[PDB]
Amino acid sequence: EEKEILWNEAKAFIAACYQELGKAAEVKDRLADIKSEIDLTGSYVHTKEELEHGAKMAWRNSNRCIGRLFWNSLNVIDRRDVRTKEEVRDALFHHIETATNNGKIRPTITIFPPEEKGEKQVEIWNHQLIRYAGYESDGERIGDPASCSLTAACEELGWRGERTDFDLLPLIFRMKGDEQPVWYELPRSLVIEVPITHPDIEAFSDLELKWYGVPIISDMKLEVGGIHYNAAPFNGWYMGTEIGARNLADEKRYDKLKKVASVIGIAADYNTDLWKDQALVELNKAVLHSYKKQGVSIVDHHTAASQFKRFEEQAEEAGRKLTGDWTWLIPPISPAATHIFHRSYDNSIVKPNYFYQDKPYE
Ligand code: HEM
Ligand SMILES: Cc1cc(N)nc(COC[C@@H]2C[C@@H](OCc3cc(C)cc(N)n3)CN2)c1
Ligand SMILES: C[C@H](O)[C@H](O)[C@H]1CNc2nc(N)[nH]c(=O)c2N1
Ligand SMILES: [Cl-]
């Protein structure tokens with residue numbers, strides 16, 4: 001039954017993939033090869049070509065992503081060879097470095113060995129490779145509350161955070177056969193960070209805000225023609241709203257709006273003043289300004305949406321269905337100023353694709 005699943009996802013994936021790659025005539029033979037391997041081993045191994053194209057396809061099918069125009073230039077690193085924890089760690093350091101690229105960020109995915117019998121070869125505990133710790137000490141909130149449970153799980157295993165608002169979590173992960181994950185402190189020289197300043201308002205620096213350059217999702221399974229790559233971290237660059245309007249603004253995250261309001265010299269007393277809205281805008285201006293001042297790639301939600309419009313035209317012109325999740329595609333500020341807001345999307349799940357999977361702690 002799982003063999004039938006795998007076989008079926010394999011047939012559908014290879015036909016689509018080779019058709020796209022112009023290699024249609026090779027399909028029958030490659031499929032025959034695959035059927036034996038699954039008969040003999042209970043699985044199969046992607047070629048380099050397939051793995052790269054599956055990764056890209058998976059990004060192109062990610063309904064919630066506004067950034068998909070650039071799906072086909074994804075930079076795919078194949079690390080199915082890794083067998084040791086040192087090799088996993090060094091792969092992850094390398095990805096950080098090669099994806100950061102001194103600020104000129106490269107959309108990059110590093111692919112580790114797939115699950116076998118639903119048994120994971122490498123289990124990565126981080127949600128993102130770079131992410132800040134979160135603490136809640138008897139009333140006292142420090143850092144990023146999203147990270148509270150992972151931070152506590154790291155601190156079980158003998159890591160200790162300095163308890164700044166921006167402690168970097170260690171890389172933490174578990175190898176098949178070990179009962180406990182290992183953790184490694186990130187080398188600071190690998191992590192770009194950006195101080196948040198405002199173009200006009202010098203006092204904004206009094207907030208002492210910063211964010212990291214590169215968002216590297218490290219907790220989603222990439223699935224390609226029946227094969228389950230649970231450990232396959234990927235990155236793009238940020239859209240400014242993600243930092244400016246959620247990570248720094250949500251009440252359940254850094255919750256900076258009142259402080260923003262103060263330093264930009266408006267009152268946070270009356271809803272009718274639209275102080276949250278004004279503050280959100282200046283904070284978001286800030287973010288894009290600071291990342292550009294520092295040479296770190298970033299996109300604003302207007303330019304992102306325009307690019308996504310182009311992705312829509314391209315799909316149709318290529319004769320492919322478009323899928324999307326309207327609720328995630330719309331930016332959380334000035335959504336109606338984008339074309340996305342004014343149309344609907346088909347939120348079907350097409351594979352290959354990225355998927356959530358259970359967190360090992362919690
Ligand atoms: C190149 C620059 C990129 C930008 C600006 C971009 C932008 C976005 C944004 C704004 C979201 C919504 C995030 C949120 O609200 O939490 C998102 C979600 C997503 N993106 Fe993209 N992205 C980019 C690259 C990529 C790449 C390279 C992949 C895969 C290879 C990808 C796969 C996804 C997935 C799977 C989600 C949804 C994750 C979830 O459900 O939590 N993104 N991205
Ligand atoms: C690759 C990439 C580029 C870019 N500019 N931005 C991103 C944003 O990813 C962060 C978001 C926020 C996270 O929250 C949703 C979520 C929900 C649940 C239940 C589990 C989980 N792991 N993640 C997951 N993705 C990713
Ligand atoms: C479940 C509920 O719809 C939830 O608020 C969603 C909505 N839309 C979103 N859209 C984006 N881009 N990011 C998010 O984290 C959410 N959260
Ligand atoms: Cl984020």
# chains A, B, ... in the order shown; residues from 1 in each chain; ligands from 1

call {"tool": "closest_atom_pairs", "arguments": {"of": "chain A", "to": "ligand 1", "cutoff": "7 Å", "atoms": "only C-alpha atoms and all ligand atoms", "output": "Markdown table"}}
result
| residue | atom | partner | partner_atom_place_in_ligand_line | distance |
| --- | --- | --- | --- | --- |
| A:55 | CA | ligand 1 | 30 (C) | 6.6 |
| A:56 | CA | ligand 1 | 30 (C) | 6.6 |
| A:58 | CA | ligand 1 | 30 (C) | 6.9 |
| A:59 | CA | ligand 1 | 29 (C) | 4.3 |
| A:62 | CA | ligand 1 | 35 (C) | 5.1 |
| A:64 | CA | ligand 1 | 37 (C) | 5.0 |
| A:65 | CA | ligand 1 | 17 (C) | 4.0 |
| A:66 | CA | ligand 1 | 7 (C) | 5.2 |
| A:67 | CA | ligand 1 | 6 (C) | 4.2 |
| A:68 | CA | ligand 1 | 23 (C) | 6.6 |
| A:70 | CA | ligand 1 | 1 (C) | 6.7 |
| A:71 | CA | ligand 1 | 27 (C) | 6.9 |
| A:74 | CA | ligand 1 | 27 (C) | 6.0 |
| A:107 | CA | ligand 1 | 27 (C) | 4.7 |
| A:108 | CA | ligand 1 | 27 (C) | 6.2 |
| A:109 | CA | ligand 1 | 30 (C) | 6.3 |
| A:234 | CA | ligand 1 | 30 (C) | 5.4 |
| A:235 | CA | ligand 1 | 27 (C) | 5.0 |
| A:236 | CA | ligand 1 | 1 (C) | 3.6 |
| A:237 | CA | ligand 1 | 2 (C) | 4.2 |
| A:238 | CA | ligand 1 | 5 (C) | 4.7 |
| A:239 | CA | ligand 1 | 5 (C) | 4.5 |
| A:242 | CA | ligand 1 | 15 (O) | 6.1 |
| A:298 | CA | ligand 1 | 5 (C) | 6.9 |
| A:299 | CA | ligand 1 | 5 (C) | 6.1 |
| A:304 | CA | ligand 1 | 5 (C) | 6.8 |
| A:328 | CA | ligand 1 | 12 (C) | 5.9 |
| A:329 | CA | ligand 1 | 12 (C) | 6.8 |
| A:354 | CA | ligand 1 | 35 (C) | 5.1 |
| A:355 | CA | ligand 1 | 35 (C) | 6.9 |

call {"tool": "select_by_dssp", "arguments": {"residues": "range 88-327 of chain A", "states": "strand (DSSP E or B)", "output": "NGL selection string"}}
result
:A and (108-111 or 122-124 or 128 or 132 or 134-137 or 140-143 or 168 or 171-175 or 182-184 or 193-195 or 210-212 or 216-217 or 220-224 or 227-229 or 234-235 or 238-239 or 298-299 or 323)

call {"tool": "residues_near_ligand", "arguments": {"ligand": "ligand 4", "cutoff": "7 Å", "atoms": "only C-alpha atoms and all ligand atoms", "output": "ChimeraX atom specification"}}
result
/A:215,242-243,247

call {"tool": "residues_around", "arguments": {"residues": "residue 27 in chain A", "least_positions_apart": "2", "cutoff": "8 Å", "atoms": "only C-alpha atoms", "output": "VMD selection string"}}
result
chain A and resid 14 to 15 18 23 to 25 29 to 31

call {"tool": "residues_around", "arguments": {"residues": "residue 187 in chain A", "least_positions_apart": "4", "cutoff": "12 Å", "atoms": "only C-alpha atoms", "output": "list in words"}}
result
residues 89, 90, 92, 93, 94, 96, 97, 130, 168, 169, 170, 171, 191 and 192 of chain A

call {"tool": "closest_residue", "arguments": {"among": "A:333, A:124, A:257, A:5", "to": "ligand 2", "atoms": "only C-alpha atoms and all ligand atoms"}}
result
A:124

call {"tool": "residues_around", "arguments": {"residues": "residue 110 in chain A", "least_positions_apart": "6", "cutoff": "7 Å", "atoms": "only C-alpha atoms", "output": "list in words"}}
result
residues 76, 77, 78, 79, 95, 232, 233 and 234 of chain A

call {"tool": "residues_around", "arguments": {"residues": "residue 167 in chain A", "least_positions_apart": "6", "cutoff": "7 Å", "atoms": "only C-alpha atoms", "output": "PyMOL selection string"}}
result
chain A and resi 132-133+161

call {"tool": "write_last_selection", "arguments": {"atoms": "N, CA, C and O atoms", "output": "mmCIF file, in the first residue's frame"}}
result
data_model
loop_
_atom_site.group_PDB
_atom_site.id
_atom_site.type_symbol
_atom_site.label_atom_id
_atom_site.label_comp_id
_atom_site.auth_asym_id
_atom_site.auth_seq_id
_atom_site.Cartn_x
_atom_site.Cartn_y
_atom_site.Cartn_z
ATOM 1 N N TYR A 132 15.981 33.738 16.780
ATOM 2 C CA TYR A 132 16.289 34.190 18.142
ATOM 3 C C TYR A 132 15.544 33.454 19.219
ATOM 4 O O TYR A 132 14.381 33.128 19.058
ATOM 5 N N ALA A 133 16.241 33.262 20.342
ATOM 6 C CA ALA A 133 15.698 32.619 21.535
ATOM 7 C C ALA A 133 14.568 33.396 22.134
ATOM 8 O O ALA A 133 14.417 34.571 21.880
ATOM 9 N N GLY A 161 21.381 30.467 27.107
ATOM 10 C CA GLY A 161 21.314 31.688 26.328
ATOM 11 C C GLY A 161 21.706 32.846 27.222
ATOM 12 O O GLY A 161 21.506 32.781 28.452
#

call {"tool": "select_by_dssp", "arguments": {"residues": "range 58-106 of chain A", "states": "helix (DSSP H, G or I)", "output": "VMD selection string"}}
result
chain A and resid 58 to 60 68 to 73 85 to 103

call {"tool": "write_last_selection", "arguments": {"atoms": "N, CA, C and O atoms", "output": "compact mmCIF listing (two decimals), in the first residue's frame"}}
result
# COMPACT_ATOMS: atom_id res chain seq x y z
N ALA A 58 8.55 22.05 -6.34
CA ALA A 58 7.93 22.17 -5.05
C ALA A 58 7.78 23.64 -4.68
O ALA A 58 6.78 24.03 -4.06
N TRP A 59 8.73 24.48 -5.06
CA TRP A 59 8.61 25.91 -4.68
C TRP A 59 7.48 26.47 -5.53
O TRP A 59 6.59 27.13 -5.01
N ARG A 60 7.49 26.14 -6.82
CA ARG A 60 6.46 26.64 -7.73
C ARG A 60 5.04 26.24 -7.31
O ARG A 60 4.06 26.92 -7.66
N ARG A 68 7.32 33.18 -5.70
CA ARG A 68 7.52 32.10 -6.66
C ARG A 68 7.95 32.48 -8.09
O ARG A 68 8.22 31.58 -8.89
N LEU A 69 8.05 33.77 -8.45
CA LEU A 69 8.44 34.09 -9.85
C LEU A 69 9.77 33.40 -10.12
O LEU A 69 10.04 32.88 -11.22
N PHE A 70 10.60 33.33 -9.07
CA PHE A 70 11.98 32.92 -9.23
C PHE A 70 12.23 31.45 -9.01
O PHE A 70 13.39 31.06 -8.91
N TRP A 71 11.17 30.64 -9.05
CA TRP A 71 11.25 29.20 -8.78
C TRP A 71 12.37 28.48 -9.53
O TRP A 71 13.10 27.69 -8.97
N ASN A 72 12.52 28.76 -10.80
CA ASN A 72 13.46 28.02 -11.61
C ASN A 72 14.94 28.34 -11.37
O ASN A 72 15.79 27.57 -11.82
N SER A 73 15.28 29.45 -10.69
CA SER A 73 16.68 29.70 -10.34
C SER A 73 17.09 29.25 -8.91
O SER A 73 18.21 29.53 -8.46
N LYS A 85 27.15 13.57 12.06
CA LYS A 85 26.62 14.80 12.57
C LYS A 85 27.51 16.01 12.20
O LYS A 85 27.03 17.09 11.92
N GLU A 86 28.80 15.78 12.16
CA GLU A 86 29.74 16.79 11.73
C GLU A 86 29.43 17.23 10.30
O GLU A 86 29.51 18.42 9.95
N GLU A 87 29.08 16.26 9.46
CA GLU A 87 28.77 16.52 8.06
C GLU A 87 27.47 17.28 7.93
O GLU A 87 27.34 18.12 7.06
N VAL A 88 26.50 16.98 8.79
CA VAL A 88 25.24 17.71 8.78
C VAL A 88 25.53 19.15 9.24
O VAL A 88 25.13 20.11 8.59
N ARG A 89 26.20 19.29 10.36
CA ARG A 89 26.55 20.63 10.88
C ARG A 89 27.25 21.45 9.83
O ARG A 89 26.84 22.55 9.57
N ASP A 90 28.27 20.89 9.19
CA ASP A 90 29.04 21.65 8.21
C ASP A 90 28.25 22.01 6.98
O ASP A 90 28.49 23.06 6.39
N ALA A 91 27.32 21.13 6.60
CA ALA A 91 26.37 21.40 5.52
C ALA A 91 25.47 22.62 5.82
O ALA A 91 25.22 23.47 4.97
N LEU A 92 24.99 22.67 7.06
CA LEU A 92 24.15 23.71 7.51
C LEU A 92 25.00 25.04 7.60
O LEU A 92 24.59 26.08 7.12
N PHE A 93 26.20 24.99 8.13
CA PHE A 93 27.05 26.20 8.11
C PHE A 93 27.25 26.70 6.67
O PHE A 93 27.30 27.93 6.41
N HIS A 94 27.34 25.77 5.74
CA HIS A 94 27.75 26.08 4.40
C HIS A 94 26.58 26.76 3.70
O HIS A 94 26.73 27.82 3.06
N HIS A 95 25.42 26.16 3.88
CA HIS A 95 24.17 26.73 3.39
C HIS A 95 23.98 28.19 3.86
O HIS A 95 23.62 29.08 3.08
N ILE A 96 24.11 28.40 5.15
CA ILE A 96 24.06 29.79 5.68
C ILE A 96 24.98 30.72 4.91
O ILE A 96 24.54 31.75 4.43
N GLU A 97 26.21 30.29 4.73
CA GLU A 97 27.23 31.09 4.09
C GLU A 97 26.92 31.31 2.61
O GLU A 97 27.08 32.43 2.12
N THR A 98 26.54 30.24 1.89
CA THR A 98 26.42 30.28 0.45
C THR A 98 25.10 30.95 0.11
O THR A 98 24.97 31.63 -0.92
N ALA A 99 24.12 30.81 0.99
CA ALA A 99 22.87 31.48 0.76
C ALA A 99 23.00 33.00 1.07
O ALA A 99 22.45 33.82 0.34
N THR A 100 23.72 33.35 2.12
CA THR A 100 23.93 34.79 2.49
C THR A 100 24.68 35.59 1.46
O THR A 100 24.31 36.72 1.15
N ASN A 101 25.80 35.04 1.01
CA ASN A 101 26.50 35.53 -0.16
C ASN A 101 26.81 37.02 0.01
O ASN A 101 26.49 37.81 -0.85
N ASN A 102 27.39 37.36 1.17
CA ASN A 102 27.63 38.75 1.60
C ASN A 102 26.49 39.74 1.55
O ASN A 102 26.74 40.92 1.43
N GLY A 103 25.26 39.29 1.66
CA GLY A 103 24.11 40.17 1.51
C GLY A 103 23.33 39.98 0.20
O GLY A 103 22.14 40.26 0.16

call {"tool": "closest_residue", "arguments": {"among": "A:125, A:44, A:326, A:184", "to": "ligand 2", "atoms": "only C-alpha atoms and all ligand atoms"}}
result
A:125

call {"tool": "residues_around", "arguments": {"residues": "residue 7 in chain A", "least_positions_apart": "2", "cutoff": "8 Å", "atoms": "only C-alpha atoms", "output": "list in words"}}
result
residues 3, 4, 5, 9, 10, 11, 35, 38 and 226 of chain A

call {"tool": "decode", "arguments": {"residues": "range 214-237 of chain A", "atoms": "N, CA and C atoms", "output": "mmCIF file, in the first residue's frame"}}
result
data_model
loop_
_atom_site.group_PDB
_atom_site.id
_atom_site.type_symbol
_atom_site.label_atom_id
_atom_site.label_comp_id
_atom_site.auth_asym_id
_atom_site.auth_seq_id
_atom_site.Cartn_x
_atom_site.Cartn_y
_atom_site.Cartn_z
ATOM 1 N N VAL A 214 18.717 36.406 6.751
ATOM 2 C CA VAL A 214 18.285 35.276 5.907
ATOM 3 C C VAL A 214 17.347 34.305 6.588
ATOM 4 N N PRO A 215 16.124 34.215 6.081
ATOM 5 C CA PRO A 215 15.159 33.271 6.642
ATOM 6 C C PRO A 215 15.319 31.908 6.013
ATOM 7 N N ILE A 216 15.702 30.905 6.819
ATOM 8 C CA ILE A 216 16.029 29.567 6.313
ATOM 9 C C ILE A 216 15.134 28.474 6.930
ATOM 10 N N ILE A 217 14.040 28.147 6.268
ATOM 11 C CA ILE A 217 13.024 27.256 6.870
ATOM 12 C C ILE A 217 13.602 25.863 6.966
ATOM 13 N N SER A 218 13.656 25.343 8.182
ATOM 14 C CA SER A 218 14.400 24.153 8.407
ATOM 15 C C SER A 218 13.492 23.054 9.024
ATOM 16 N N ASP A 219 12.180 23.201 8.938
ATOM 17 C CA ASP A 219 11.277 22.266 9.620
ATOM 18 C C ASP A 219 10.090 21.754 8.733
ATOM 19 N N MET A 220 10.224 21.896 7.413
ATOM 20 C CA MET A 220 9.236 21.434 6.468
ATOM 21 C C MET A 220 9.826 20.258 5.679
ATOM 22 N N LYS A 221 8.995 19.256 5.422
ATOM 23 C CA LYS A 221 9.314 18.124 4.545
ATOM 24 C C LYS A 221 9.121 18.504 3.076
ATOM 25 N N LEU A 222 10.163 18.356 2.260
ATOM 26 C CA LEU A 222 10.015 18.397 0.798
ATOM 27 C C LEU A 222 9.618 16.971 0.304
ATOM 28 N N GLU A 223 8.537 16.887 -0.437
ATOM 29 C CA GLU A 223 8.079 15.632 -0.987
ATOM 30 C C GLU A 223 8.145 15.674 -2.498
ATOM 31 N N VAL A 224 8.851 14.711 -3.085
ATOM 32 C CA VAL A 224 9.064 14.644 -4.530
ATOM 33 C C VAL A 224 8.846 13.217 -5.029
ATOM 34 N N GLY A 225 7.838 13.014 -5.871
ATOM 35 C CA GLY A 225 7.495 11.657 -6.448
ATOM 36 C C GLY A 225 7.578 10.545 -5.416
ATOM 37 N N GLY A 226 6.863 10.748 -4.310
ATOM 38 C CA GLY A 226 6.718 9.748 -3.266
ATOM 39 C C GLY A 226 7.816 9.726 -2.226
ATOM 40 N N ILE A 227 8.898 10.441 -2.486
ATOM 41 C CA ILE A 227 10.040 10.465 -1.581
ATOM 42 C C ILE A 227 9.966 11.654 -0.652
ATOM 43 N N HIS A 228 10.238 11.356 0.618
ATOM 44 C CA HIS A 228 10.019 12.253 1.747
ATOM 45 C C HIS A 228 11.329 12.804 2.315
ATOM 46 N N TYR A 229 11.670 14.000 1.915
ATOM 47 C CA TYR A 229 12.873 14.624 2.410
ATOM 48 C C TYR A 229 12.509 15.509 3.595
ATOM 49 N N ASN A 230 12.538 14.953 4.801
ATOM 50 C CA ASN A 230 12.073 15.695 5.928
ATOM 51 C C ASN A 230 13.070 16.814 6.309
ATOM 52 N N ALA A 231 14.325 16.641 5.922
ATOM 53 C CA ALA A 231 15.399 17.544 6.287
ATOM 54 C C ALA A 231 15.918 18.063 4.971
ATOM 55 N N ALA A 232 15.492 19.281 4.674
ATOM 56 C CA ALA A 232 15.721 19.933 3.412
ATOM 57 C C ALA A 232 15.545 21.457 3.599
ATOM 58 N N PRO A 233 16.385 22.090 4.457
ATOM 59 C CA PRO A 233 16.232 23.567 4.718
ATOM 60 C C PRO A 233 16.302 24.386 3.487
ATOM 61 N N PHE A 234 15.425 25.375 3.377
ATOM 62 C CA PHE A 234 15.498 26.335 2.267
ATOM 63 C C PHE A 234 15.398 27.834 2.679
ATOM 64 N N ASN A 235 15.828 28.693 1.779
ATOM 65 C CA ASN A 235 15.779 30.120 2.040
ATOM 66 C C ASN A 235 15.465 30.931 0.785
ATOM 67 N N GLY A 236 14.837 32.067 1.000
ATOM 68 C CA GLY A 236 14.827 33.146 0.040
ATOM 69 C C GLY A 236 15.430 34.361 0.763
ATOM 70 N N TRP A 237 15.093 35.528 0.238
ATOM 71 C CA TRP A 237 15.236 36.786 0.961
ATOM 72 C C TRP A 237 13.890 37.175 1.588
#
